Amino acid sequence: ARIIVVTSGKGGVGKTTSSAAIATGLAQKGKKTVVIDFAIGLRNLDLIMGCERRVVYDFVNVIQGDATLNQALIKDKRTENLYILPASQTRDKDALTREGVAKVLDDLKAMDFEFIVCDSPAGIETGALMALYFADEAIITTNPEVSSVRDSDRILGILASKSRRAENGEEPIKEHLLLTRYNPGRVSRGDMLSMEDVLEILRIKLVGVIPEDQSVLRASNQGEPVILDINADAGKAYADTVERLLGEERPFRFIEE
């Protein structure tokens, strides 16, 4: 029911990190969840969730009738009710079609997935447009830096004009701001925008703030989404985010020096 795109425009801000962590948190809360790699050509989700060697069929194979969801969905290694739909290594802009994508989303809804997390590619070309097109909600992943922040602002424009909902005048895509790689030291020395600074500029509700954290690269190398590291500030920050996404309120930690 809740299709959430993880987007940014700006490259390398942490979309996939966030997609893996958030999808895992949701599933840990009992919500049946699939996280989908929309980053066709340059797949990465399966590496981050550490299910690489179980990749048999992909998003494109399914669209193209070469495999069913049942064949393509990978059951997560660590967390119940979590599934992964990996991206094709093929490059082919049209490979993902609106019609195909739409059908996949209908089919997953039909498997009673509560949450469908869509890991977007960078940019605002067709790759990222596809990823957000059918979104109900959007997580704008933003580093507290001018460029990330500008690109995020632009992404908002696109959310409000080139999504299905914005083209058919339905309720607009719900917008969540997720600040990532927040370095409070750097912020007090005036090189990064404060949480507040960014909020003034973007003007959407903050869903999370993920501290800059050495545990994230470690999580990646292990193929273990950081949230599974219970001692990691970044992990806790993601658990908090998942709480906010589910209606609970939580104070924002790891934002002070």
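All residue numbers are counted from 1 along the displayed sequence.
K.L.:
Taking the mean of the C-alpha B-factors per stretch from the entry, tell me the winner out of 58-66 and 214-222.
P.N.:
Higher of the two, by average CA B-factor, is 58-66.
K.L.:
What stretch has the higher average Cα B-factor here, 181-189 or 166-174?
P.N.:
The entry gives the higher C-alpha B-factor average to 166-174.
K.L.:
By the entry's C-alpha temperature factors, tell me which of 30, 208, 50, 41 sits highest.
P.N.:
Across 30, 208, 50, 41, the entry lists the biggest C-alpha B-factor for 41.
K.L.:
Name the residue from 202, 195, 35, 227 with the greatest C-alpha temperature factor listed in the entry.
P.N.:
Most elevated C-alpha B-factor of the set, per the entry: 202.
K.L.:
Pull the Cα B-factor of residue 144 out of the PDB entry and bin it into the chain's lowest, middle or highest third.
P.N.:
As the PDB entry reports it, the C-alpha B-factor of residue 144 lands in the middle third of its chain.
K.L.:
Going by the recorded CA B-factors, say which third of the chain residue 246 sits in, lowest, middle or highest.
P.N.:
It belongs to the highest third of the chain when residues are ordered by C-alpha B-factor.
K.L.:
Mind checking which third residue 1 falls in for C-alpha B-factor across the chain?
P.N.:
Highest third - that is where residue 1 ends up once the chain's C-alpha B-factors are sorted.
K.L.:
Report the third (lowest, middle or highest) to which the CA temperature factor of residue 125 belongs, ranking only the modelled residues of the same chain.
P.N.:
Top third by C-alpha B-factor.
K.L.:
Which third, lowest, middle or highest, does the C-alpha temperature factor of residue 133 belong to within its own chain?
P.N.:
As the PDB entry reports it, the C-alpha B-factor of residue 133 lands in the highest third of its chain.
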